file upload_0.txt (compact mmCIF, C-alpha atoms (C1' of nucleotides))
# COMPACT_ATOMS: atom_id res chain seq x y z
CA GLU A 79 36.96 -14.15 -15.69
CA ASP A 80 38.27 -11.27 -13.51
CA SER A 81 35.61 -9.07 -15.24
CA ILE A 82 37.11 -5.94 -13.58
CA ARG A 83 40.46 -6.86 -15.17
CA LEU A 84 38.75 -8.50 -18.21
CA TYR A 85 37.67 -4.89 -18.97
CA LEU A 86 40.78 -3.33 -17.34
CA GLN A 87 42.99 -5.13 -19.80
CA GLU A 88 41.38 -3.95 -22.59
CA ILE A 89 40.97 -0.42 -21.68
CA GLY A 90 44.60 -0.48 -21.31
CA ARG A 91 44.63 -1.14 -24.88
CA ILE A 92 43.43 2.19 -25.55
CA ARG A 93 45.94 4.82 -24.96
CA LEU A 94 46.08 7.98 -23.12
CA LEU A 95 46.16 11.46 -24.64
CA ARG A 96 47.21 15.08 -23.87
CA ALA A 97 45.44 18.49 -23.69
CA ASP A 98 46.50 19.45 -27.27
CA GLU A 99 45.32 16.03 -28.57
CA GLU A 100 42.11 16.47 -26.48
CA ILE A 101 41.73 20.02 -27.93
CA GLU A 102 41.03 19.00 -31.53
CA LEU A 103 38.39 17.22 -29.80
CA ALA A 104 36.89 19.80 -27.82
CA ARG A 105 35.95 21.89 -30.77
CA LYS A 106 34.62 18.87 -32.79
CA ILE A 107 32.53 17.74 -29.76
CA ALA A 108 31.00 21.25 -29.52
CA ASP A 109 30.67 21.30 -33.36
CA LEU A 110 28.44 18.21 -32.93
CA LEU A 111 26.88 19.24 -29.71
CA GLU A 112 25.46 22.42 -30.72
CA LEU A 113 24.52 21.07 -34.01
CA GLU A 114 22.13 18.92 -32.46
CA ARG A 115 20.51 21.40 -30.36
CA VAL A 116 19.62 22.81 -33.51
CA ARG A 117 18.17 19.50 -34.06
CA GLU A 118 16.17 19.90 -31.00
CA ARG A 119 15.18 23.46 -31.73
CA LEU A 120 13.84 22.46 -34.95
CA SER A 121 12.33 19.64 -33.11
CA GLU A 122 10.49 21.61 -30.63
CA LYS A 123 9.18 24.12 -32.99
CA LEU A 124 8.15 21.70 -35.55
CA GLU A 125 7.02 18.26 -36.52
CA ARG A 126 8.66 17.84 -33.14
CA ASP A 127 11.93 17.09 -34.93
CA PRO A 128 13.66 18.13 -38.17
CA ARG A 129 14.66 14.57 -38.15
CA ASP A 130 14.24 14.26 -41.84
CA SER A 131 17.43 14.85 -43.81
CA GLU A 132 19.81 17.66 -44.49
CA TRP A 133 16.71 18.98 -43.06
CA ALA A 134 16.93 16.72 -40.15
CA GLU A 135 18.78 19.85 -39.82
CA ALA A 136 17.22 23.07 -40.60
CA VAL A 137 20.71 23.85 -41.32
CA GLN A 138 22.16 23.81 -44.71
CA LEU A 139 24.59 21.06 -45.51
CA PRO A 140 25.34 18.68 -48.24
CA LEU A 141 23.66 15.90 -46.66
CA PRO A 142 26.30 13.21 -46.64
CA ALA A 143 28.67 15.66 -45.13
CA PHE A 144 26.17 16.30 -42.36
CA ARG A 145 26.13 12.73 -40.97
CA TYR A 146 29.94 12.90 -41.45
CA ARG A 147 30.26 16.19 -39.48
CA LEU A 148 28.03 14.52 -36.84
CA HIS A 149 30.30 11.42 -36.75
CA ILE A 150 33.56 13.40 -36.22
CA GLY A 151 31.82 15.83 -33.81
CA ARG A 152 30.60 13.08 -31.44
CA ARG A 153 33.31 10.50 -32.32
CA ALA A 154 35.55 13.02 -30.49
CA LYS A 155 33.53 12.48 -27.25
CA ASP A 156 33.46 8.67 -27.78
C1' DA B 1 -78.69 -1.89 49.17
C1' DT B 2 -74.17 -1.32 47.90
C1' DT B 3 -71.81 -3.05 44.73
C1' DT B 4 -70.27 -4.81 41.49
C1' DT B 5 -71.94 -5.78 37.50
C1' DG B 6 -73.55 -2.83 32.66
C1' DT B 7 -74.30 -1.03 28.87
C1' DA B 8 -74.47 1.68 26.26
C1' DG B 9 -72.05 5.23 26.45
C1' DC B 10 -69.88 9.38 25.26
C1' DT B 11 -66.03 12.31 25.77
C1' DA B 12 -61.34 13.29 26.43
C1' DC B 13 -57.74 11.32 25.14
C1' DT B 14 -53.59 9.34 23.25
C1' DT B 15 -51.33 6.88 20.42
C1' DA B 16 -49.95 6.41 15.06
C1' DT B 17 -48.49 8.68 10.33
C1' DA B 18 -46.30 10.47 7.90
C1' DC B 19 -43.73 14.45 6.61
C1' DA B 20 -40.46 17.54 7.38
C1' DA B 21 -37.90 20.74 7.58
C1' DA B 22 -35.08 21.69 9.96
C1' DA B 23 -31.21 20.46 12.43
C1' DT B 24 -26.83 18.70 12.56
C1' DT B 25 -23.53 16.61 11.91
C1' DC B 26 -19.59 14.70 8.33
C1' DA B 27 -16.62 13.88 4.50
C1' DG B 28 -14.06 15.27 1.00
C1' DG B 29 -11.94 18.82 -1.35
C1' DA B 30 -9.56 21.66 -1.88
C1' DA B 31 -6.15 24.03 -0.76
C1' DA B 32 -2.82 25.62 0.45
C1' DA B 33 0.73 25.38 3.02
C1' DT B 34 4.82 23.35 3.73
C1' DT B 35 7.77 20.04 4.41
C1' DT B 36 10.67 16.65 2.03
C1' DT B 37 12.41 15.07 -1.68
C1' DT B 38 15.04 15.74 -5.88
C1' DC B 39 18.59 17.98 -9.02
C1' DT B 40 23.13 19.93 -10.38
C1' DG B 41 27.65 21.76 -9.72
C1' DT B 42 32.27 21.71 -8.17
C1' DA B 43 37.89 24.01 -11.93
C1' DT B 44 45.29 23.54 -9.55
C1' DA B 45 45.71 18.01 -10.73
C1' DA B 46 44.61 13.40 -10.03
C1' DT B 47 44.94 8.00 -14.96
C1' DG B 48 44.82 -0.33 -13.41
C1' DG B 49 42.45 -3.98 -7.46
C1' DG B 50 42.48 -7.51 -3.82
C1' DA B 51 43.50 -11.84 -2.30
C1' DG B 52 46.16 -16.09 -0.72
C1' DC B 53 44.06 -20.18 -1.17
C1' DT B 54 46.75 -23.49 -1.03
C1' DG B 55 44.66 -31.31 2.51
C1' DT B 56 38.41 -35.68 -0.79
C1' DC B 57 36.18 -36.56 -5.66
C1' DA B 58 35.27 -38.12 -10.07
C1' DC B 59 34.42 -38.56 -13.58
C1' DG B 60 34.09 -38.45 -17.23
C1' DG B 61 36.76 -36.61 -19.70
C1' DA B 62 40.42 -36.33 -21.11
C1' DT B 63 40.99 -33.62 -25.01
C1' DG B 64 45.24 -34.23 -25.80
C1' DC B 65 48.66 -36.75 -26.39
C1' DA B 66 53.13 -38.24 -27.14
call {"tool": "encode", "arguments": {"input": "upload_0.txt", "output": "structure tokens"}}
result
Amino acid sequence: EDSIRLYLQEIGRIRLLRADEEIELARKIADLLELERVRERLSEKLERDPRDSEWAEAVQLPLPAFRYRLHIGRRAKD
DNA sequence: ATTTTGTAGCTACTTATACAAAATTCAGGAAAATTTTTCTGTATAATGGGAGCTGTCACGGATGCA
């Protein structure tokens, strides 16, 4: 019941990385980040949020691939 | 024989009214002024803590068991 450790163990069991490895990331993260602030721009202008579909981005995208792009983009940060 | 009592009386004479605006102040507002609280960034690199405590009990459990 150490709690501190009870979490500390586990984090152990996720393993450390290196700049290069954390570079694929960076891009992806940004790729997701900005994408959203589309999502906010389109928000703020209108309906308060694209937040529909492939139009939940004003951007163009084959919709399934959108959510996907989102996943990888932010999964990087996670 | 004045004096006090009078009566038949007023006029002066003064509250009383009520209003009344004028004061005359007060309160609240409004700022506005400003002071105090918040917010955000920070680029070499940095990647598991602290402690110890060590002398009843009980019981019911004790599942666990061999």
call {"tool": "closest_residue", "arguments": {"input": "upload_0.txt", "among": "A:98, A:122, A:88, A:127", "to": "chain B", "atoms": "only C-alpha atoms (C1' of nucleotides)"}}
result
A:88
call {"tool": "interface_residues", "arguments": {"input": "upload_0.txt", "of": "chain A", "to": "chain B", "cutoff": "12 Å", "atoms": "only C-alpha atoms (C1' of nucleotides)", "output": "PDB file with C-alpha atoms, in the coordinates of the input"}}
result
ATOM      1  CA  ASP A  80      38.270 -11.270 -13.510  1.00  0.00           C
ATOM      2  CA  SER A  81      35.610  -9.070 -15.240  1.00  0.00           C
ATOM      3  CA  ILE A  82      37.110  -5.940 -13.580  1.00  0.00           C
ATOM      4  CA  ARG A  83      40.460  -6.860 -15.170  1.00  0.00           C
ATOM      5  CA  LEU A  84      38.750  -8.500 -18.210  1.00  0.00           C
ATOM      6  CA  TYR A  85      37.670  -4.890 -18.970  1.00  0.00           C
ATOM      7  CA  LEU A  86      40.780  -3.330 -17.340  1.00  0.00           C
ATOM      8  CA  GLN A  87      42.990  -5.130 -19.800  1.00  0.00           C
ATOM      9  CA  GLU A  88      41.380  -3.950 -22.590  1.00  0.00           C
ATOM     10  CA  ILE A  89      40.970  -0.420 -21.680  1.00  0.00           C
ATOM     11  CA  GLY A  90      44.600  -0.480 -21.310  1.00  0.00           C
ATOM     12  CA  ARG A  91      44.630  -1.140 -24.880  1.00  0.00           C
ATOM     13  CA  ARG A  93      45.940   4.820 -24.960  1.00  0.00           C
ATOM     14  CA  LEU A  94      46.080   7.980 -23.120  1.00  0.00           C
ATOM     15  CA  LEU A  95      46.160  11.460 -24.640  1.00  0.00           C
ATOM     16  CA  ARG A  96      47.210  15.080 -23.870  1.00  0.00           C
TER      17      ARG A  96
END
call {"tool": "closest_residue", "arguments": {"input": "upload_0.txt", "among": "A:156, A:148, A:140, A:79", "to": "residue 114 (chain A)", "atoms": "only C-alpha atoms"}}
result
A:148
call {"tool": "atom_distance", "arguments": {"input": "upload_0.txt", "atom1": "CA of residue 119 (chain A)", "atom2": "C1' of residue 38 (chain B)"}}
result
27.0 Å
call {"tool": "atom_distance", "arguments": {"input": "upload_0.txt", "atom1": "CA of residue 132 (chain A)", "atom2": "CA of residue 104 (chain A)"}}
result
24.0 Å
call {"tool": "atom_distance", "arguments": {"input": "upload_0.txt", "atom1": "CA of residue 133 (chain A)", "atom2": "CA of residue 149 (chain A)"}}
result
16.8 Å
call {"tool": "closest_residue", "arguments": {"input": "upload_0.txt", "among": "A:128, A:115, A:110, A:101", "to": "residue 145 (chain A)", "atoms": "all atoms listed in the file"}}
result
A:110
call {"tool": "closest_residue", "arguments": {"input": "upload_0.txt", "among": "A:136, A:154, A:143, A:108", "to": "residue 121 (chain A)", "atoms": "all atoms listed in the file"}}
result
A:136
call {"tool": "closest_residue", "arguments": {"input": "upload_0.txt", "among": "A:117, A:147, A:155, A:123", "to": "residue 103 (chain A)", "atoms": "all atoms listed in the file"}}
result
A:155
